[PDB]
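Novice: Sending over protein10.pdb (PDB, C-alpha atoms and all ligand atoms).
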```
ATOM      1  CA  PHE I  50      44.824  29.973 -32.535
ATOM      2  CA  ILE I  51      41.640  29.619 -30.470
ATOM      3  CA  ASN I  52      39.398  30.002 -33.531
ATOM      4  CA  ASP I  53      41.342  27.221 -35.267
ATOM      5  CA  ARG I  54      41.425  24.798 -32.347
ATOM      6  CA  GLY I  55      38.037  25.311 -30.689
ATOM      7  CA  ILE I  56      34.647  23.770 -31.426
ATOM      8  CA  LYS I  57      31.630  25.979 -32.050
ATOM      9  CA  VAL I  58      29.350  26.247 -29.002
ATOM     10  CA  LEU I  59      26.262  28.185 -27.952
ATOM     11  CA  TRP I  60      26.906  30.122 -24.734
ATOM     12  CA  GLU I  61      24.017  31.319 -22.563
ATOM     13  CA  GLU I  62      24.495  33.319 -19.381
ATOM     14  CA  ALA I  63      23.172  32.297 -15.964
ATOM     15  CA  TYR I  64      21.194  34.424 -13.564
ATOM     16  CA  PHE I  65      19.009  33.510 -10.604
ATOM     17  CA  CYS I  66      15.374  33.256 -11.632
ATOM     18  CA  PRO I  67      13.051  35.757  -9.881
ATOM     19  CA  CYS I  68      10.599  32.890  -9.226
ATOM     20  CA  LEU I  69      12.367  31.927  -5.987
ATOM     21  CA  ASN I  70       9.964  31.586  -3.085
ATOM     22  CA  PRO I  71      10.292  34.764  -0.964
ATOM     23  CA  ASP I  72      10.166  32.663   2.233
ATOM     24  CA  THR I  73      11.609  29.201   1.549
ATOM     25  CA  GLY I  74      14.131  30.533  -0.975
ATOM     26  CA  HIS I  75      13.618  27.563  -3.353
ATOM     27  CA  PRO I  76      12.498  27.637  -7.015
ATOM     28  CA  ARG I  77       8.905  27.090  -8.062
ATOM     29  CA  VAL I  78       8.887  23.680  -9.750
ATOM     30  CA  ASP I  79       6.305  24.763 -12.363
ATOM     31  CA  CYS I  80       8.172  27.925 -13.421
ATOM     32  CA  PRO I  81       8.227  28.209 -17.251
ATOM     33  CA  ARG I  82      11.226  30.548 -17.307
ATOM     34  CA  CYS I  83      13.336  27.893 -15.563
ATOM     35  CA  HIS I  84      12.269  24.274 -15.514
ATOM     36  CA  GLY I  85      12.729  23.756 -11.774
ATOM     37  CA  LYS I  86      16.373  24.766 -11.753
ATOM     38  CA  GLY I  87      16.880  27.879  -9.671
ATOM     39  CA  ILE I  88      18.845  29.430 -12.556
ATOM     40  CA  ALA I  89      17.394  31.198 -15.590
ATOM     41  CA  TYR I  90      19.417  31.709 -18.776
ATOM     42  CA  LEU I  91      19.750  34.691 -21.122
ATOM     43  CA  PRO I  92      19.392  34.224 -24.899
ATOM     44  CA  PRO I  93      22.192  32.138 -26.446
ATOM     45  CA  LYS I  94      25.398  33.614 -27.884
ATOM     46  CA  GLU I  95      27.532  31.952 -30.565
ATOM     47  CA  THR I  96      31.166  31.438 -29.520
ATOM     48  CA  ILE I  97      34.074  29.054 -30.128
ATOM     49  CA  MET I  98      35.611  27.155 -27.200
TER
ATOM     50  CA  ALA B   2       2.241 -17.079   5.696
ATOM     51  CA  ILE B   3       5.623 -15.923   4.538
ATOM     52  CA  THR B   4       5.319 -12.224   3.749
ATOM     53  CA  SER B   5       7.208  -9.528   1.845
ATOM     54  CA  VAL B   6       6.669  -6.109   3.412
ATOM     55  CA  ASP B   7       8.461  -4.294   0.575
ATOM     56  CA  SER B   8       6.211  -5.690  -2.160
ATOM     57  CA  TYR B   9       3.150  -5.033  -0.007
ATOM     58  CA  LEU B  10       4.186  -1.400   0.398
ATOM     59  CA  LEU B  11       4.868  -0.979  -3.319
ATOM     60  CA  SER B  12       1.520  -2.529  -4.260
ATOM     61  CA  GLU B  13      -0.361  -0.464  -1.688
ATOM     62  CA  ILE B  14       1.373   2.894  -2.183
ATOM     63  CA  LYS B  15       1.219   3.042  -5.986
ATOM     64  CA  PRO B  16      -2.603   3.052  -6.417
ATOM     65  CA  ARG B  17      -3.156   5.278  -3.389
ATOM     66  CA  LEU B  18      -0.571   7.774  -4.639
ATOM     67  CA  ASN B  19      -2.221   7.845  -8.060
ATOM     68  CA  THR B  20      -5.707   8.321  -6.617
ATOM     69  CA  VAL B  21      -4.607  11.208  -4.387
ATOM     70  CA  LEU B  22      -2.687  12.924  -7.187
ATOM     71  CA  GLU B  23      -5.684  12.755  -9.557
ATOM     72  CA  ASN B  24      -7.836  14.515  -6.886
ATOM     73  CA  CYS B  25      -6.973  18.179  -6.371
ATOM     74  CA  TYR B  26      -8.911  18.989  -3.195
ATOM     75  CA  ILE B  27      -7.191  16.162  -1.302
ATOM     76  CA  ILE B  28      -3.786  17.728  -1.961
ATOM     77  CA  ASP B  29      -5.278  21.139  -1.183
ATOM     78  CA  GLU B  30      -6.231  19.750   2.235
ATOM     79  CA  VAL B  31      -2.967  17.859   2.872
ATOM     80  CA  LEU B  32      -0.780  20.892   2.082
ATOM     81  CA  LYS B  33      -2.884  23.470   3.963
ATOM     82  CA  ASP B  34      -0.002  24.166   6.386
ATOM     83  CA  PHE B  35       2.652  24.868   3.720
ATOM     84  CA  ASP B  36       3.511  28.261   2.258
ATOM     85  CA  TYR B  37       0.952  29.369  -0.330
ATOM     86  CA  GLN B  38       3.425  29.403  -3.226
ATOM     87  CA  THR B  39       4.844  25.974  -2.356
ATOM     88  CA  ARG B  40       1.306  24.581  -2.254
ATOM     89  CA  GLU B  41       0.173  26.145  -5.517
ATOM     90  CA  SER B  42       3.368  25.199  -7.370
ATOM     91  CA  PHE B  43       3.116  21.565  -6.262
ATOM     92  CA  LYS B  44      -0.579  21.422  -7.150
ATOM     93  CA  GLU B  45       0.076  22.989 -10.557
ATOM     94  CA  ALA B  46       2.973  20.678 -11.408
ATOM     95  CA  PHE B  47       2.083  17.212 -10.121
ATOM     96  CA  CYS B  48      -1.637  17.266  -9.342
ATOM     97  CA  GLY B  49      -4.854  16.826 -11.289
ATOM     98  CA  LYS B  50      -5.560  14.894 -14.470
ATOM     99  CA  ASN B  51      -3.726  17.462 -16.634
ATOM    100  CA  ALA B  52      -0.509  17.223 -14.584
ATOM    101  CA  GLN B  53       2.477  17.313 -16.923
ATOM    102  CA  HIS B  54       4.954  15.994 -14.340
ATOM    103  CA  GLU B  55       4.509  12.686 -12.535
ATOM    104  CA  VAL B  56       5.622  10.924  -9.366
ATOM    105  CA  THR B  57       6.991   7.373  -9.473
ATOM    106  CA  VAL B  58       7.522   4.471  -7.058
ATOM    107  CA  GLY B  59       9.982   1.584  -7.176
ATOM    108  CA  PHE B  60      12.590  -0.456  -5.353
ATOM    109  CA  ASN B  61      16.217   0.609  -4.942
ATOM    110  CA  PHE B  62      19.095  -0.561  -7.193
ATOM    111  CA  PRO B  63      17.509  -0.277 -10.651
ATOM    112  CA  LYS B  64      19.830  -0.402 -13.647
ATOM    113  CA  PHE B  65      18.152   2.587 -15.382
ATOM    114  CA  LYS B  66      17.786   6.294 -14.636
ATOM    115  CA  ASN B  67      14.788   7.351 -12.543
ATOM    116  CA  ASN B  68      12.467  10.378 -12.446
ATOM    117  CA  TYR B  69      14.642  12.324 -10.008
ATOM    118  CA  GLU B  70      12.117  15.183 -10.052
ATOM    119  CA  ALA B  71       9.893  13.141  -7.715
ATOM    120  CA  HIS B  72      10.422   9.466  -6.903
ATOM    121  CA  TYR B  73       9.552   7.294  -3.889
ATOM    122  CA  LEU B  74      12.420   4.840  -3.373
ATOM    123  CA  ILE B  75      11.401   1.744  -1.363
ATOM    124  CA  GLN B  76      14.204   0.029   0.529
ATOM    125  CA  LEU B  77      13.791  -3.204   2.527
ATOM    126  CA  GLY B  78      15.351  -2.983   5.997
ATOM    127  CA  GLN B  79      16.191  -5.014   9.118
ATOM    128  CA  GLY B  80      14.003  -7.178  11.300
ATOM    129  CA  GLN B  81      14.036  -9.578  14.229
ATOM    130  CA  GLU B  82      11.721 -12.175  15.730
ATOM    131  CA  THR B  83      10.056 -10.781  18.842
ATOM    132  CA  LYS B  84       7.385 -13.137  20.288
ATOM    133  CA  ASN B  85       7.050 -16.925  20.140
ATOM    134  CA  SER B  86       4.175 -19.255  20.984
ATOM    135  CA  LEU B  87       4.423 -22.369  23.125
ATOM    136  CA  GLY B  88       5.220 -25.222  20.760
ATOM    137  CA  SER B  89       5.431 -22.519  18.065
ATOM    138  CA  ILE B  90       1.676 -23.124  17.554
ATOM    139  CA  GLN B  91       0.411 -19.844  16.120
ATOM    140  CA  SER B  92      -3.040 -21.378  15.566
ATOM    141  CA  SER B  93      -4.846 -24.527  14.487
ATOM    142  CA  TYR B  94      -7.534 -25.159  11.892
ATOM    143  CA  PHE B  95      -9.950 -27.868  10.789
ATOM    144  CA  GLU B  96     -10.193 -26.450   7.246
ATOM    145  CA  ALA B  97      -7.340 -24.846   5.301
ATOM    146  CA  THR B  98      -8.280 -21.158   5.015
ATOM    147  CA  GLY B  99      -6.863 -18.672   2.524
ATOM    148  CA  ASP B 100      -6.699 -14.877   2.471
ATOM    149  CA  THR B 101      -9.404 -12.580   3.797
ATOM    150  CA  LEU B 102     -11.479 -10.900   1.103
ATOM    151  CA  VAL B 103     -14.177  -8.249   0.827
ATOM    152  CA  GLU B 104     -16.511  -8.322  -2.181
ATOM    153  CA  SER B 105     -19.588  -6.395  -3.251
ATOM    154  CA  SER B 106     -22.644  -8.514  -4.063
ATOM    155  CA  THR B 107     -26.410  -8.284  -4.581
ATOM    156  CA  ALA B 108     -29.187 -10.527  -3.304
ATOM    157  CA  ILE B 109     -31.299 -12.517  -5.753
ATOM    158  CA  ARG B 110     -34.376 -14.675  -5.280
ATOM    159  CA  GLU B 111     -33.907 -18.396  -5.872
ATOM    160  CA  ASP B 112     -36.523 -21.025  -4.938
ATOM    161  CA  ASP B 113     -37.931 -18.783  -2.194
ATOM    162  CA  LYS B 114     -34.505 -18.178  -0.720
ATOM    163  CA  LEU B 115     -32.451 -15.045  -1.049
ATOM    164  CA  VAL B 116     -28.848 -15.795  -2.040
ATOM    165  CA  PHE B 117     -25.610 -13.829  -2.360
ATOM    166  CA  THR B 118     -23.038 -15.218  -4.801
ATOM    167  CA  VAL B 119     -19.315 -14.846  -4.114
ATOM    168  CA  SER B 120     -16.450 -15.332  -6.550
ATOM    169  CA  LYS B 121     -14.699 -18.049  -4.503
ATOM    170  CA  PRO B 122     -15.598 -20.865  -2.091
ATOM    171  CA  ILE B 123     -16.354 -19.395   1.326
ATOM    172  CA  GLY B 124     -14.016 -20.908   3.914
ATOM    173  CA  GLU B 125     -15.480 -18.701   6.617
ATOM    174  CA  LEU B 126     -18.033 -15.900   6.564
ATOM    175  CA  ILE B 127     -17.041 -13.025   8.847
ATOM    176  CA  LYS B 128     -19.734 -10.454   8.075
ATOM    177  CA  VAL B 129     -22.590  -9.758   5.706
ATOM    178  CA  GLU B 130     -22.607  -5.967   5.708
ATOM    179  CA  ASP B 131     -25.430  -4.270   7.633
ATOM    180  CA  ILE B 132     -27.289  -7.564   8.337
ATOM    181  CA  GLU B 133     -27.615  -9.603  11.528
ATOM    182  CA  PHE B 134     -29.690 -12.736  10.915
ATOM    183  CA  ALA B 135     -32.060 -14.382  13.381
ATOM    184  CA  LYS B 136     -32.373 -18.154  13.702
ATOM    185  CA  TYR B 137     -35.713 -17.861  11.898
ATOM    186  CA  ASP B 138     -33.831 -16.539   8.862
ATOM    187  CA  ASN B 139     -32.157 -19.967   8.450
ATOM    188  CA  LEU B 140     -28.775 -18.575   7.435
ATOM    189  CA  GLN B 141     -26.743 -21.187   5.565
ATOM    190  CA  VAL B 142     -23.523 -21.105   3.549
ATOM    191  CA  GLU B 143     -22.772 -23.631   0.807
ATOM    192  CA  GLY B 144     -19.833 -23.649  -1.581
ATOM    193  CA  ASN B 145     -19.388 -20.102  -2.887
ATOM    194  CA  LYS B 146     -22.953 -19.016  -2.043
ATOM    195  CA  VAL B 147     -24.642 -17.526   1.010
ATOM    196  CA  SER B 148     -28.356 -18.291   1.283
ATOM    197  CA  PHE B 149     -31.060 -16.550   3.216
ATOM    198  CA  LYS B 150     -34.778 -17.228   3.673
ATOM    199  CA  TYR B 151     -37.122 -15.272   1.394
ATOM    200  CA  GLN B 152     -40.454 -15.481   3.225
ATOM    201  CA  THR B 153     -40.259 -12.443   5.540
ATOM    202  CA  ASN B 154     -37.570 -10.617   3.535
ATOM    203  CA  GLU B 155     -39.272  -9.981   0.179
ATOM    204  CA  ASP B 156     -38.610  -6.234   0.407
ATOM    205  CA  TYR B 157     -34.866  -7.010   0.243
ATOM    206  CA  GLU B 158     -35.138  -9.118  -2.931
ATOM    207  CA  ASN B 159     -32.457  -6.961  -4.638
ATOM    208  CA  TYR B 160     -30.570  -5.726  -1.550
ATOM    209  CA  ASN B 161     -26.940  -4.744  -2.169
ATOM    210  CA  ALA B 162     -24.302  -5.812   0.357
ATOM    211  CA  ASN B 163     -20.585  -6.251   0.936
ATOM    212  CA  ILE B 164     -19.455  -9.725   2.032
ATOM    213  CA  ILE B 165     -16.349 -10.074   4.203
ATOM    214  CA  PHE B 166     -15.125 -13.667   4.073
ATOM    215  CA  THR B 167     -12.039 -15.815   3.551
ATOM    216  CA  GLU B 168     -11.131 -18.469   1.003
ATOM    217  CA  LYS B 169     -10.741 -22.155   1.703
ATOM    218  CA  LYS B 170      -7.927 -24.100   0.089
ATOM    219  CA  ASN B 171      -9.001 -27.613   1.060
ATOM    220  CA  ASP B 172     -10.622 -29.757   3.755
ATOM    221  CA  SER B 173      -7.618 -30.724   5.869
ATOM    222  CA  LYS B 174      -6.425 -30.546   9.468
ATOM    223  CA  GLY B 175      -3.185 -28.977  10.585
ATOM    224  CA  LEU B 176      -1.209 -26.649  12.821
ATOM    225  CA  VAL B 177      -0.144 -23.130  11.855
ATOM    226  CA  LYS B 178       3.490 -23.154  13.027
ATOM    227  CA  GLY B 179       5.547 -19.971  13.103
ATOM    228  CA  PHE B 180       6.479 -16.831  15.006
ATOM    229  CA  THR B 181       6.159 -13.036  15.008
ATOM    230  CA  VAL B 182       8.719 -10.751  13.352
ATOM    231  CA  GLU B 183       9.223  -7.005  13.698
ATOM    232  CA  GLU B 184      10.567  -5.637  10.416
ATOM    233  CA  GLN B 185      11.581  -2.273   8.937
ATOM    234  CA  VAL B 186      11.259  -0.756   5.467
ATOM    235  CA  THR B 187      12.654   2.665   4.528
ATOM    236  CA  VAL B 188      10.942   5.003   2.044
ATOM    237  CA  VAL B 189      12.431   8.270   0.737
ATOM    238  CA  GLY B 190      10.926  10.881  -1.584
ATOM    239  CA  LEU B 191      13.756  11.973  -3.882
ATOM    240  CA  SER B 192      13.612  15.359  -5.573
ATOM    241  CA  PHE B 193      16.157  17.872  -6.829
ATOM    242  CA  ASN B 194      13.736  20.541  -5.506
ATOM    243  CA  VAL B 195      13.718  20.720  -1.702
ATOM    244  CA  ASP B 196      10.132  21.989  -1.551
ATOM    245  CA  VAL B 197       9.050  18.983  -3.601
ATOM    246  CA  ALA B 198      10.813  16.666  -1.158
ATOM    247  CA  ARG B 199       8.952  18.319   1.734
ATOM    248  CA  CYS B 200       5.607  17.958  -0.050
ATOM    249  CA  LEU B 201       6.318  14.319  -0.931
ATOM    250  CA  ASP B 202       7.001  13.736   2.761
ATOM    251  CA  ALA B 203       3.620  15.218   3.693
ATOM    252  CA  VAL B 204       1.805  13.157   1.038
ATOM    253  CA  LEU B 205       3.521   9.951   2.164
ATOM    254  CA  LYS B 206       2.573  10.510   5.808
ATOM    255  CA  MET B 207      -1.042  11.053   4.740
ATOM    256  CA  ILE B 208      -0.962   7.860   2.662
ATOM    257  CA  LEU B 209       0.400   5.788   5.559
ATOM    258  CA  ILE B 210      -2.231   7.135   7.963
ATOM    259  CA  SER B 211      -4.907   6.199   5.426
ATOM    260  CA  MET B 212      -3.260   2.779   4.997
ATOM    261  CA  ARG B 213      -3.581   1.920   8.692
ATOM    262  CA  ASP B 214      -7.294   1.115   8.192
ATOM    263  CA  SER B 215      -6.783  -1.337   5.306
ATOM    264  CA  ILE B 216      -7.641  -5.013   5.780
ATOM    265  CA  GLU B 217      -4.127  -5.994   4.694
ATOM    266  CA  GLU B 218      -2.412  -4.372   7.677
ATOM    267  CA  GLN B 219      -5.346  -4.905  10.026
ATOM    268  CA  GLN B 220      -5.070  -8.679   9.639
ATOM    269  CA  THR B 221      -1.273  -8.786   9.064
ATOM    270  CA  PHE B 222       1.485  -6.110   9.298
ATOM    271  CA  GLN B 223       0.071  -4.776  12.546
ATOM    272  CA  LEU B 224       1.411  -1.977  14.782
ATOM    273  CA  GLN B 225       2.746   0.337  12.071
ATOM    274  CA  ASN B 226       5.356   2.614  13.683
ATOM    275  CA  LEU B 227       6.926   5.586  11.865
ATOM    276  CA  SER B 228      10.323   7.266  12.240
ATOM    277  CA  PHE B 229      11.648  10.206  10.201
ATOM    278  CA  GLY B 230      15.157  11.213   9.145
ATOM    279  CA  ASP B 231      16.731  14.577   8.404
ATOM    280  CA  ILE B 232      16.413  16.198   5.004
ATOM    281  CA  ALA B 233      19.807  15.873   3.328
ATOM    282  CA  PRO B 234      21.450  15.637  -0.111
ATOM    283  CA  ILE B 235      21.278  12.020  -1.247
ATOM    284  CA  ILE B 236      23.644  12.772  -4.152
ATOM    285  CA  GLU B 237      25.881  15.798  -4.094
ATOM    286  CA  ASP B 238      28.161  15.890  -7.169
ATOM    287  CA  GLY B 239      25.915  16.165 -10.203
ATOM    288  CA  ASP B 240      25.116  19.433 -11.886
ATOM    289  CA  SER B 241      22.658  19.668  -8.971
ATOM    290  CA  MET B 242      22.074  17.966  -5.640
ATOM    291  CA  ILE B 243      19.292  15.427  -5.078
ATOM    292  CA  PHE B 244      17.494  15.769  -1.734
ATOM    293  CA  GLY B 245      15.330  13.462   0.327
ATOM    294  CA  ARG B 246      13.889  12.893   3.781
ATOM    295  CA  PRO B 247      13.831   9.204   4.823
ATOM    296  CA  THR B 248      10.986   7.614   6.728
ATOM    297  CA  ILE B 249      11.213   4.181   8.367
ATOM    298  CA  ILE B 250       8.010   2.121   8.547
ATOM    299  CA  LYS B 251       8.144  -0.692  11.114
ATOM    300  CA  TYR B 252       5.596  -3.521  11.176
ATOM    301  CA  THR B 253       4.882  -6.493  13.427
ATOM    302  CA  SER B 254       3.769  -9.573  11.510
ATOM    303  CA  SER B 255       3.550 -13.368  11.631
ATOM    304  CA  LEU B 256       5.776 -15.762   9.675
ATOM    305  CA  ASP B 257       4.228 -19.234   9.619
ATOM    306  CA  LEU B 258       3.573 -22.452   7.681
ATOM    307  CA  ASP B 259       0.592 -24.803   7.370
ATOM    308  CA  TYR B 260       1.758 -28.113   8.860
ATOM    309  CA  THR B 261      -1.043 -30.421   7.716
ATOM    310  CA  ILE B 262      -1.861 -33.501   9.808
ATOM    311  CA  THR B 263      -2.817 -36.602   7.827
ATOM    312  CA  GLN B 264      -3.588 -38.670  10.933
ATOM    313  CA  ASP B 265      -7.302 -38.923  11.664
ATOM    314  CA  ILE B 266      -9.132 -41.214  14.089
ATOM    315  CA  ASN B 267     -12.816 -41.971  13.530
ATOM    316  CA  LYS B 268     -13.620 -44.857  15.884
ATOM    317  CA  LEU B 269     -12.415 -46.085  19.215
ATOM    318  CA  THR B 270     -13.052 -49.764  19.838
ATOM    319  CA  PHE B 271     -12.977 -51.652  23.130
ATOM    320  CA  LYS B 272     -12.075 -55.250  23.924
ATOM    321  CA  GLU B 273     -11.779 -57.242  27.142
ATOM    322  CA  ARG B 274      -9.065 -59.901  27.348
ATOM    323  CA  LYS B 275      -8.863 -62.310  30.265
ATOM    324  CA  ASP B 276      -5.750 -62.986  32.365
ATOM    325  CA  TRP B 277      -5.776 -66.532  33.759
ATOM    326  CA  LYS B 278      -2.285 -65.919  35.257
TER
HETATM  327 ZN    ZN X 301      11.878  30.356 -12.289
END
```
Taking this structure as input, can you express it in the form of structure tokens?
Ligand SMILES: [Zn+2]
Specialist:
Amino acid sequence: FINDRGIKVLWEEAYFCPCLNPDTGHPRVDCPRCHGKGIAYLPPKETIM
Amino acid sequence: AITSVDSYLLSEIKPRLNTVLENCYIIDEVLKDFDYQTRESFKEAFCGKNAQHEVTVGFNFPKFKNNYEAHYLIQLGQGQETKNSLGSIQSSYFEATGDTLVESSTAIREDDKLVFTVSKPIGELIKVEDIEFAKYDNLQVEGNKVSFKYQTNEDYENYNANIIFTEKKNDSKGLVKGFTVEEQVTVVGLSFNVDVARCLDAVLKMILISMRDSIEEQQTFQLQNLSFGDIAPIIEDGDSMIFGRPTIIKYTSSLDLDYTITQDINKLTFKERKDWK
């Protein structure tokens, strides 16, 4: 039922990026692993939702 | 004149912001008190000629999306009239004078005078930089030129100077009528990164300190006074919050009009008339 009704999506899993400032606790705005969001993402996974 | 503090601030902040951001050691000095990683990340992202991100400045209520990574929002505030003159006479003039200007110029020889040429008719000369003339020097101003005796001054035949002066509109009499207003403008550095908001606050305070010496707000917009708000989420229900710290800039300035007087009197005349009663 879900495979019939859902649309194909790419799912990628959140984790906090280890670029957070050890004092201020905020992300580095130049970080390449996360583009200023505090959250980095694992490689994408194909799923239907 | 009538004045528009918001447009002044936009015009003044934008070039100054650009010229600081293109100059790495200025930011390195401004941010010396911040955490090392905050400083280096800001300098890497926004600073220097190779900077891939950019800051932006503009008024509030645009119809388009802004650069919410770093954006100075300018926001015209309250004001009130504070001091009035007797008769509302702010000043009087014999010759309608425009804005104050400073221009670079060089001397040239002409007919055994030195002259400086200026782009506009000189309504009043305030200062020729680094020169004080004696009466012997026969200082004269005419049209858009300043002229200066050659005889004793031949060593200066190509001397480079800055002229501080003011335009003239026209040869007319009048009264400058008006009053003083105290007026507020708010500025906020929006960023979705809190450390960027804090750095934009520091940069803006530096810019305003530097601005206090400018001719614009030395002659007008006097008594700059700064107040600072809390850092808070400006918008809270996106995929992320947007933060900012407001600052309020308050200025005292004159609002006035040139009431020209057409009446002129150039001769009294006297007559005696006899009363035979
Ligand atoms: Zn990161």
Novice: Under the rule that all atoms listed in the file are counted, which of I:51, I:97, I:66, I:91 is the nearest residue to ligand ZN 301 (chain X)?
Specialist: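 So, comparing all the options, the nearest one is I:66.
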Novice: Residue by residue, what does the ChimeraX specification (/B :<12) & /I grab here? Present the result as a PDB file with C-alpha atoms, in the frame of the given file.
Specialist:
```pdb
ATOM      1  CA  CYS I  68      10.599  32.890  -9.226  1.00  0.00           C
ATOM      2  CA  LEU I  69      12.367  31.927  -5.987  1.00  0.00           C
ATOM      3  CA  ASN I  70       9.964  31.586  -3.085  1.00  0.00           C
ATOM      4  CA  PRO I  71      10.292  34.764  -0.964  1.00  0.00           C
ATOM      5  CA  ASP I  72      10.166  32.663   2.233  1.00  0.00           C
ATOM      6  CA  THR I  73      11.609  29.201   1.549  1.00  0.00           C
ATOM      7  CA  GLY I  74      14.131  30.533  -0.975  1.00  0.00           C
ATOM      8  CA  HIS I  75      13.618  27.563  -3.353  1.00  0.00           C
ATOM      9  CA  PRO I  76      12.498  27.637  -7.015  1.00  0.00           C
ATOM     10  CA  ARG I  77       8.905  27.090  -8.062  1.00  0.00           C
ATOM     11  CA  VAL I  78       8.887  23.680  -9.750  1.00  0.00           C
ATOM     12  CA  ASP I  79       6.305  24.763 -12.363  1.00  0.00           C
ATOM     13  CA  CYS I  80       8.172  27.925 -13.421  1.00  0.00           C
ATOM     14  CA  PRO I  81       8.227  28.209 -17.251  1.00  0.00           C
ATOM     15  CA  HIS I  84      12.269  24.274 -15.514  1.00  0.00           C
ATOM     16  CA  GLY I  85      12.729  23.756 -11.774  1.00  0.00           C
ATOM     17  CA  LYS I  86      16.373  24.766 -11.753  1.00  0.00           C
ATOM     18  CA  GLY I  87      16.880  27.879  -9.671  1.00  0.00           C
ATOM     19  CA  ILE I  88      18.845  29.430 -12.556  1.00  0.00           C
TER      20      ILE I  88
END
```
Novice: What does the distance between atom CA of residue B:84 and atom CA of residue B:181 come to in Å, to one decimal place?
Specialist: 5.4 Å
Novice: So how far away is atom CA of residue B:52 from atom ZN of ligand ZN 301 (chain X), in Å?
Specialist: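 We find that atom ZN of ligand ZN 301 (chain X) and atom CA of residue B:52 lie 18.2 Å from each other.
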Novice: Tell me which residues the PyMOL selection byres (((chain B and resi 132-138) around 9) and not hetatm) grabs here, as a PyMOL selection string.
Specialist: chain B and resi 128-131+139-140+149-154+162
Novice: Rounded to one decimal in Å, what is the spacing between atom CA of residue B:222 and atom CA of residue B:74?
Specialist: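 Pair atom CA of residue B:222 / atom CA of residue B:74 returns 20.0 Å.
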Novice: Residues at most 8 Å from residue I:90, counting all atoms listed in the file, excluding those fewer than 2 positions away in the same chain, as a list in words?
Specialist: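 Once the nearby chain positions are removed, what remains is residues 61, 62, 63, 64, 83, 88 and 92 of chain I.
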Novice: Find the spatial neighbours of stretch 95-99 of chain B, counting all atoms listed in the file, within a cut-off of 8 Å - ignore same-chain residues fewer than 4 positions away - and output them as a short mmCIF file (atom, residue, chain, number, x, y, z; two decimals) with C-alpha atoms, in the coordinates of the input.
Specialist:
```
data_model
loop_
_atom_site.label_atom_id
_atom_site.label_comp_id
_atom_site.auth_asym_id
_atom_site.auth_seq_id
_atom_site.Cartn_x
_atom_site.Cartn_y
_atom_site.Cartn_z
CA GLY B 124 -14.02 -20.91 3.91
CA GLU B 125 -15.48 -18.70 6.62
CA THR B 167 -12.04 -15.82 3.55
CA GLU B 168 -11.13 -18.47 1.00
CA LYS B 169 -10.74 -22.16 1.70
CA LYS B 170 -7.93 -24.10 0.09
CA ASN B 171 -9.00 -27.61 1.06
CA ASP B 172 -10.62 -29.76 3.76
CA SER B 173 -7.62 -30.72 5.87
CA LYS B 174 -6.42 -30.55 9.47
CA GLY B 175 -3.18 -28.98 10.58
#
```
Novice: With distances taken over only C-alpha atoms and all ligand atoms, which residue among I:89, I:50, I:55, I:60 lies nearest ligand ZN 301 (chain X)?
Specialist: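 When distances to ligand ZN 301 (chain X) are compared using only C-alpha atoms and all ligand atoms, the smallest one comes from I:89.
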Novice: Using the incomplete input, complete stretch 267-277 of chain B to the level of N, CA and C atoms; output as a PDB file, keeping the file's coordinate frame.
Specialist:
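Okay, this is what ended up in part20.pdb:
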```pdb
ATOM      1  N   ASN B 267     -11.373 -42.062  13.689  1.00  0.00           N
ATOM      2  CA  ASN B 267     -12.816 -41.971  13.530  1.00  0.00           C
ATOM      3  C   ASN B 267     -13.599 -42.999  14.330  1.00  0.00           C
ATOM      4  N   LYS B 268     -12.940 -43.982  14.941  1.00  0.00           N
ATOM      5  CA  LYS B 268     -13.620 -44.857  15.884  1.00  0.00           C
ATOM      6  C   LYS B 268     -12.620 -45.373  16.904  1.00  0.00           C
ATOM      7  N   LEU B 269     -12.961 -45.227  18.179  1.00  0.00           N
ATOM      8  CA  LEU B 269     -12.415 -46.085  19.215  1.00  0.00           C
ATOM      9  C   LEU B 269     -13.141 -47.423  19.200  1.00  0.00           C
ATOM     10  N   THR B 270     -12.433 -48.470  19.607  1.00  0.00           N
ATOM     11  CA  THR B 270     -13.052 -49.764  19.838  1.00  0.00           C
ATOM     12  C   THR B 270     -12.464 -50.381  21.098  1.00  0.00           C
ATOM     13  N   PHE B 271     -13.310 -51.104  21.825  1.00  0.00           N
ATOM     14  CA  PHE B 271     -12.977 -51.652  23.130  1.00  0.00           C
ATOM     15  C   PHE B 271     -13.028 -53.170  23.076  1.00  0.00           C
ATOM     16  N   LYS B 272     -12.109 -53.804  23.797  1.00  0.00           N
ATOM     17  CA  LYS B 272     -12.075 -55.250  23.924  1.00  0.00           C
ATOM     18  C   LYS B 272     -11.643 -55.598  25.337  1.00  0.00           C
ATOM     19  N   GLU B 273     -12.230 -56.654  25.888  1.00  0.00           N
ATOM     20  CA  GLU B 273     -11.779 -57.242  27.142  1.00  0.00           C
ATOM     21  C   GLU B 273     -11.052 -58.549  26.861  1.00  0.00           C
ATOM     22  N   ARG B 274      -9.864 -58.690  27.440  1.00  0.00           N
ATOM     23  CA  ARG B 274      -9.065 -59.901  27.348  1.00  0.00           C
ATOM     24  C   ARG B 274      -8.739 -60.385  28.752  1.00  0.00           C
ATOM     25  N   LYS B 275      -8.811 -61.697  28.945  1.00  0.00           N
ATOM     26  CA  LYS B 275      -8.863 -62.310  30.265  1.00  0.00           C
ATOM     27  C   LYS B 275      -7.489 -62.845  30.633  1.00  0.00           C
ATOM     28  N   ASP B 276      -7.046 -62.547  31.854  1.00  0.00           N
ATOM     29  CA  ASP B 276      -5.750 -62.986  32.365  1.00  0.00           C
ATOM     30  C   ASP B 276      -5.957 -64.126  33.359  1.00  0.00           C
ATOM     31  N   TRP B 277      -5.705 -65.353  32.905  1.00  0.00           N
ATOM     32  CA  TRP B 277      -5.776 -66.532  33.759  1.00  0.00           C
ATOM     33  C   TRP B 277      -4.570 -66.683  34.678  1.00  0.00           C
TER      34      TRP B 277
END
```
